[PDB]
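Worksheet: the structure to be examined is printed underneath.
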Ligand SMILES: O=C1CC[C@H](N2Cc3cc(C4(O)CCN(Cc5ccccc5)CC4)ccc3C2=O)C(=O)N1
Ligand SMILES: [Zn+2]
Ligand SMILES: [Zn+2]
């Protein structure tokens, strides 16, 4: 229950070795503009803007491509594959390299990279070049910003009341709703309806669920902008690729926040994807061992990326082999591979503390690719808004 | 691909602004009133108000201020529209000809800018050296007032205070000085800045910020000889002139927030203040007279004068007469009666001016005979609530005051009455329970009833179903709903094989802790033999946002579900089928076996009932994020909606398209900037019943404007579209605003030209133009065009 | 201490090669 670990360590990706050559600069292309961007060939990821993506590139063609990007814009395209086998992709996200390190260990040139999602895009065309490396003709998808739902109606005499400044939080939210949505009486709907489409109210409702996962402040950790908050929450929601792609396709932060709240309330169980009916854990065991939330992307020693969701308890898992601290994503913990007891598919790893004074003494790191969010009782699947 | 025609039946009646000055003549006192896209000019006579001129603008009036620059014989008028069209107008009359000539004009929009939260602010310097505008946060636009600035060129000054609440130019300053209330993490403060026209920047203001009231919202610049500024909040009215500071926290103002003001005395000794509940106060700054220092200000006072309509803007005219501009109720001319008890109040009404806004719902009814239809609206809100019966004579309007908010309305021909959902505010008692604020329709019914349960000073909303006689408009019955029950939808119809006509209400249980409603009811009532009874009651797991009679059945929307009920022989609702949607089913409209489901974010969905399977099937959808206020089915293939930044749009289905992706996609075929906010779409007409127009959809808006939409043929549309471009070359726009620019579909992120819509108001203005101008328009045949336009005027 | 056959994706360590090859074929 108590976290006697340094929450800032997994975000640093300290397992990638010595300090990388950090970049300060930031690049952004105009909305709706068309850009040709290189795609990394073995990256099988669906990246969210604001999400950190660590990589280890081994192939000389991949290493060359990154050396060129580091000198130029530092931006590559991360395709959201609808069909991974036939490499089909209609959407994706740009990724900007913010840290890198080249190593000629043993006698093999390998490059470790830390990138971040920046802009969503629509794939216009894909062509593999005579070198074997492919380029994507892309169109930068704009982020739909809507004004206050009350802006259209709003009485000009109440415009000066739209800025709002120990005491009872429920009484505060009651006053917030009465003042922000007073002009709802000029329309066909009540104040309480407009609250369901209000960024600050939706963000406060999400914060109430995020507080159940992390014992950390809104003040620092969480962003203020609905766009950034909605993407930060999307990055740490353990959902399957079909749902994540639909979530990514949403252009409005209001619809994204509403959609996330609905997933967070409906999907309370997490099953094995191959079994579909083997419960591994529930949302009540989810907890944040990293500042970015319960789930983040990490890279293994062979470049394989795993979005790892940390939980207190997991069931229906077999442990393969003995624990190892080799390349551990949670410094101070040893990992043991964990499979589903029914289908034997890899679900994640069990992390066990190296010192007695550490807390928690054990937890599980589950790979998102192996999980399936489930809604118990007598209902199948749906993502409203 | 759609060919639609939109025309105004009733101009907006809600008042968003009013100013006094000497605009028509240096000797005349004028009252200028802004009613959205309309400007009314009055001469304030000893009698009352003498109408002088009324003009229309190709914009929504956002700023309206009079000013007399150096030399000018009389005042000029600055106007800024919601699409940022700025202009300086002059009244000029030469014999018979009245012309509001445009002295200067230009668009002041910036390519880059976050439109401010506190909206547009437009202030003019007391010496008329410049116009200050706060359109975007972090910038203050300055239009220098020179005779050689006929294009209205402006520069911005960077403003580090990003959250400005209100700003005014101060009096008595050597340099033009702005005084403003702003908010930052630390709280609310009042700052000042000098405005250098030479350096095009701000310089250190004459006095300090201080941590003023947390709810300080209004700045009032006090004229000479006192100077300084008054800052009004929720609890306090404070004065600031740097070193001089005076504060008061009158308990009389604590009941409601003060939201408008007006100077009575030119010296700034007396001010009128209005609150959100119609109270009118007098603020007096007591000028004390010492021996040397004869200009002292000993104290501030507030006196409750009386009650007026809920005021959007006040203006003192003369001889105690005050014009009350109202958005929620009728506007008034009140006489501030000189020191008079009159059982408490000092304010006496002189005139009342009709305001249909906001029109939150309406219905058409044949009523007398049948031929000519009558429109019955749910107008006003709170004590200003009423029903308005609009018929063609000009439009003749009958008013029925309810003293509470009418919300929904439907007519029941069989019982010769209307069903009206209403709500009233009751305050919680310290003693226990709730007390009404005034007698209203729901507390003054002939007969009354309350629902049976199947489950401090805080304001509580009590919901009711009123039965109102169609002839007398008397409240025959009032049924009160359960505690925390919110009445959302109302229908009058016959269901199944039942010959009886019922009033069906759809509700939601609203609790502060719950964000999304998990309970609601569909209650079936019968009003028969002069009494209301509850026939049946169905509890549902959500809010019943909308309901429609669907081929002898009841189609109701519970949250994201759309459910079809059948009325059994046991007089009970039986769930036939459900349809679980990707969106919240707020809007529901039906034509035959087709259903139109929509949400507040313009997610449009089309469903069809499959009778041979007994279930629903999705036909098509279109999700473009934008706020949507109303929807309607024009015909089998076209859907009309009202979306953000006062636009109309039309979506079309194409059941013939080659692929199944195309035929389950709705094409946006019409876009138009209406300039009004539509709340209700309603099929019907106000004219008596082989026509160039097909169909008739009336609509009610927030500003009390009533419009009409009808469909045309491709030939009729192509002709009238060319006619518009020809009429624009000959017609004179106030402020020199482009018609094409005004009607262009507008959101802040995008502006597209209007498509699939004919501005009937522009087409009809052909009949008002002179014979030489008429011949200029028809130069490709003039009297044949007069027949076409006269035929188009007959639809309203 | 045996287990000289590791899965480069999850890190599963196997004592025989036929055991690792069955495990790697279960991954995507
Ligand atoms: O916290 C975590 C969770 C686990 C995860 N790992 C580590 C990992 C390591 C490997 C190896 O092939 C295993 C064999 N060693 C040689 C060797 C053998 C014996 C003794 C010493 C060294 C080379 C690397 C393969 C996959 C993964 C993986 O998925 C991670 O990176 N962090
Ligand atoms: Zn399994
Ligand atoms: Zn493996």
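Spatial offset of region B:133-184 relative to region B:355-373 amounts to 46 Å, using the alpha carbon center of each. Centre-to-centre, using Cα atoms only, region B:255-307 and region A:257-310 are separated by 62 Å. Summarising the strand pairing of the protein assembly as shown, around 95 percent of its internal DSSP beta bridges are antiparallel.
If you take the square roots of the eigenvalues of the alpha-carbon gyration tensor of region B:221-287 and sort them as a ≥ b ≥ c, do you get rounded (a/c under 1.5), prolate (a/b over b/c) or oblate? Judged from the Cα gyration tensor, region B:221-287 comes out oblate (a/c at least 1.5, b/c at or above a/b).
Kindly identify region B:429-556 as rounded, prolate or oblate by the Cα gyration tensor criterion: order the square roots of the eigenvalues as a ≥ b ≥ c, call it rounded if a/c is under 1.5, otherwise compare a/b with b/c, prolate if a/b is larger, else oblate. Oblate, because a/c is 1.5 or more while a/b does not exceed b/c.
Mind giving me the FRET efficiency for residue B:396 and residue B:750? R0 is 41 Å, r the Cβ-Cβ distance, nearest 0.05 is fine. With a Förster radius of 41 Å, E is 0.50. Applying D = kT/(6 pi eta Rh) to the protein assembly as shown, where Rh is the Kirkwood radius over alpha-carbon pairs, T corresponds to 10 °C and eta to 1.306 mPa s, the Stokes-Einstein value obtained is 47 µm²/s. Here the contact order of region A:198-267, divided by its residue count and restricted to Cα pairs under 8 Å and six or more residues apart, works out to 47 percent.
By the beta-carbon count within 10 Å of each Cβ, the least crowded to most crowded order of B:269, B:405, A:290, fewest first, is B:269, A:290, B:405.
Radius of gyration over Kirkwood radius for region B:436-489, both on Cα atoms: the Rg/Rh ratio is 1.01.
Going by neighbour counts of Cβ atoms within 10 Å, the residues A:245, A:342, B:737 line up, fewest first, as A:342, A:245, B:737. Three principal axis extents of region A:172-229 based on alpha-carbon atoms, in descending order, are 41, 22, 15 Å. Taking the fewest neighbouring Cβ atoms within 10 Å as the starting point, the ordered list for A:362, B:70 is B:70, A:362. Mean projected area of the Cα convex hull of chain B, taken over all directions, amounts to 39.4 nm².
Legend: calculated FRET efficiency, residue B:352 to residue B:459, from the Cβ-Cβ distance at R0 = 25 Å, rounded to 0.05, equals 0.40.
Reducing region B:379-401 and region A:129-183 to their Cα centroids gives an inter-centroid distance of 36 Å. Only helices enter the 222 nm calculation for the protein assembly as shown: every DSSP H run of n ≥ 4 contributes -39,500 (n - 2.57), and dividing by all residues gives -3000 deg cm²/dmol, rounded to 500.
Methodologically, a virtual Cβ is constructed for each residue, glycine included, from the backbone with ideal geometry; neighbour enumeration extends over all protein chains shown. FYI, it's all coordinate maths here, none of it is from the lab.
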